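Worksheet: one structure, shown below.
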Amino acid sequence: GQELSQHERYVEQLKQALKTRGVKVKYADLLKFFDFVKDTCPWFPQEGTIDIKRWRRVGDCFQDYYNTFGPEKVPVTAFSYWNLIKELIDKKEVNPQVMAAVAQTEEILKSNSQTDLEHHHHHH
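First residue of the sequence shown: 213, per the numbering used here; consecutive thereafter.
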């Protein structure tokens, strides 16, 4: 939704918080970096949050196909992204996306309809 503003910040921020690691931020970077994730939007196409598990999926999927092209350049800077993002989530001040993201884990017995044990139960 309107939260889209988050991306605008993430792009400028993440890139900034990156330069600190010794990285560079060029316009050509937005075209590729933006088009890269946008491809499969691994950041959760629903909430658009950060995901470590999914991140690996896109990482191996891109690295695998990219490798087939026997690339010599193989930019290592990508290593910094994983390291930064890895700890980036640790932040609790993450946009509300936290509540919409938590969707990752849900009570298997939230309702009676659930096959598992009902939400309400009694025991001696």
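The beta carbon of each residue, even a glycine, is placed where N, CA and C say it ideally should be.
Please name the residue in the options whose C-alpha comes closest to that of residue i.
| i | options | result |
| --- | --- | --- |
| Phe245 | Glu305, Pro287, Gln316, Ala313 | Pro287 |
| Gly213 | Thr252, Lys238, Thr261 | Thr261 |
| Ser323 | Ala315, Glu224, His333, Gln316 | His333 |
| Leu296 | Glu220, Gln225, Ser217, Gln326 | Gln225 |
| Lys265 | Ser325, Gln326, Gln316, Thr327 | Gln316 |
Ordered along the chain, which non-local residues of its own chain (more than five positions away) have a Cβ less than 6 Å from that of residue i?
| i | result |
| --- | --- |
| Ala312 | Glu259 |
| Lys227 | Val237 |
| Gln218 | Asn307 |
Between the alpha carbons of residue i and residue j, how many angstroms are there, rounded?
| i | j | result |
| --- | --- | --- |
| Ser292 | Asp247 | 19 Å |
| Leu230 | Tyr222 | 11 Å |
| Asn279 | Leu329 | 47 Å |
| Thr232 | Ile301 | 18 Å |
| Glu220 | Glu318 | 29 Å |
Which residues in the same chain have their Cβ closer than 8 Å to the Cβ of residue i, if we skip the five residues on either side of it in sequence?
| i | result |
| --- | --- |
| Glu215 | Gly260, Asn307, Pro308, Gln309 |
| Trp267 | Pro254, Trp294, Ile297 |
Are residue i and residue j close, meaning C-beta to C-beta below 8 Å?
| i | j | result |
| --- | --- | --- |
| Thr252 | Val270 | yes |
| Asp263 | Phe274 | no |
| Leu321 | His335 | no |
Under 7 Å Cβ to Cβ from residue i, same chain only, skipping five residues before and after it: list those, please.
| i | result |
| --- | --- |
| residue 340 | The chain is shown only over 213 to 336; residue 340 falls outside these bounds and no answer can be derived. |
| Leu242 | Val223 |
Practice problem: Counting only runs of 3+ residues fully inside the stretch 231-313, write out the beta strand (DSSP E) ranges in chain order. | Solution: none
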